[PDB]
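Heads up, the thing below is written out as structure tokens.
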Amino acid sequence: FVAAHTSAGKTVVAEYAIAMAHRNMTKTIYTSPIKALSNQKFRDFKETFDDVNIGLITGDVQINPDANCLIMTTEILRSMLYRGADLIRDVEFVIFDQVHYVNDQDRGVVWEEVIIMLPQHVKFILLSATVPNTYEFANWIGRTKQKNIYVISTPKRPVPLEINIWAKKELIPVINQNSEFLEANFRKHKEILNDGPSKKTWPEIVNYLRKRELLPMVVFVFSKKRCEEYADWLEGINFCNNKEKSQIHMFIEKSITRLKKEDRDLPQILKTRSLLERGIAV
RNA sequence: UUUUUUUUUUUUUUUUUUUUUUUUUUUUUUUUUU
Ligand SMILES: Nc1ncnc2c1ncn2[C@@H]1O[C@H](COP(=O)(O)OP(=O)(O)OP(=O)(O)O)[C@@H](O)[C@H]1O
């Protein structure tokens, strides 16, 4: 059982498990609560491993069912166990990623049933983040399956984070990398300021951070409509000089070939293409 | 105003003909128009 901070390198354990299974000529099953992550992990594993066949089993697709490495959803595994598939006899490792996202009601019963129904020759690898309820999951699994499981945790984040506040064309650091609040900086922030964004607000930020070599930016707006307005407010700003635009255009043109000819003229596609040529997206 | 994609089961034909069942009897010479 591994419970480490985010961006600490949890995927190294899964890669080593897959390599061990390939060396022993056994099978591995990878499972995630969310179907969105399955495709991304499938692509990542296909790129990373060249001597190992990778498969995918979801409610929409089914690629290489006979491969030695399979990525599927929890309900797919539940149905497979209920049917009594013959490939389970060769499975050595089952990996559950993002365990801390399974504390829901619909996601909870299927996970417990899958854990209960698994045979005794299968070993477990568990990955998640730091959550208050960590020892209980491991204890329950080790009691139900009567197996030895080790709980491994990390002290702190390998990369540190800081919290700042922006006000009137400069940035005030108020929490440092040690998670210690700075009262004087907050007081100065209160003093210097003595509603919503304006039309000349996002340009005032896309230039200050650009000159500081901190360009890669993700802005969180809690509204579908406000994001489009904010993106449209950024006018006369570009990040592709002459070849990045051509490469992006080629990638977009090749990608949307799978659609029909009259389905590529939709306004959303045109607006996204126009925005993507300058390095801005929603 | 963020957040929400749900869809159950089955495999390759029973063996020996046509028959296919009820109310009681008689007597000695051609041809046409009559
Ligand atoms: N010991 C290490 N030293 C240097 N780099 C490392 C080390 N371990 C992992 N990395 C790098 O970390 C990068 C990404 O880390 P990773 O994706 O595993 O974080 P994570 O914990 O899985 O995030 P999440 O919470 O989303 O699951 C990898 O590309 C890897 O090169």
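To match Swiss-Prot, the residue numbers of chain A are left as they are there, and the shown ones run 348-541, 607-694.
Keep in mind that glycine also has a Cβ here, set from the backbone N, Cα and C atoms.
There are 18 other CB atoms within 10 A of the CB of A:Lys357 (ATP binding site), with all protein chains counted. Among the features that Swiss-Prot reports, ATP binding site is placed at A:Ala351, A:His352, A:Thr353, A:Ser354, A:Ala355, A:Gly356, A:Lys357, A:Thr358.
Taking the centroid of the Cβ atoms of A:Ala351, A:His352, A:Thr353, A:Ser354, A:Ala355, A:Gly356, A:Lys357, A:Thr358 as the ATP site, the other same-chain residues with Cβ within 8 Å of it are A:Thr501, A:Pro505.
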